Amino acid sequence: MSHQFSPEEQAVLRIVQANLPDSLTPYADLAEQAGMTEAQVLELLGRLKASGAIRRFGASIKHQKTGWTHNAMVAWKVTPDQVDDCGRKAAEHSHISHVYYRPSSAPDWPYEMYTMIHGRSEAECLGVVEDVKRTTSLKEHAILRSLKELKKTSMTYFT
């Protein structure tokens, strides 16, 4: 982090990654804790928001309009000529949130297209698996059913 940001900038960023100080003047509070001016705080936050380094500067709210529940991690066999077509088509589905292409040179792991499936009941998730089979050229797959959540943490970019 020392290569992109000054120690003072990193001090502002260590705080904002948690919470903005709870007051009428939070940027002045940030300025005094970090050893900067309020204008310098605003310029740093404005610069990263403009560049896309800060994806969102504001409130994280409970969901949007989401209930529950069932998740399904499914890996599919794919040839290079199918990749973009299968990727874009599988991603067009409402119940799929993540579509990744992750190359594998592992002989016993031939699955490279990953679809994260959502919804309700186990059979509804298995239904989206049937929807992908009829709407794409993807056939062979492996269902990676979650048995136990061993760690669920948030990444700390500024230590």
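Residue numbers run from 1 along the displayed sequence.
Undergrad: Per the record, averaged over C-alpha atoms, which has the higher B-factor: 108 to 116 or 66 to 74?
TA: Between 66 to 74 and 108 to 116, it is 66 to 74.
Undergrad: Determine, for stretches 53 to 61 and 121 to 129, which one has the higher mean CA B-factor as deposited.
TA: Higher mean C-alpha B-factor in the PDB entry: 121 to 129.
Undergrad: Among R134, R102, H98, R47, which residue carries the highest C-alpha B-factor recorded in the PDB entry?
TA: The listed residue with the largest C-alpha B-factor is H98.
Undergrad: Considering only modelled residues of the same chain, in which third does the CA B-factor of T37 rank: lowest, middle or highest?
TA: Its C-alpha B-factor belongs to the middle third of this chain's values.
Undergrad: According to the PDB entry, is the CA B factor of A91 in the bottom, middle or top third of its chain, that is, lowest, middle or highest?
TA: Highest third, going by the recorded CA B-factors of the chain.
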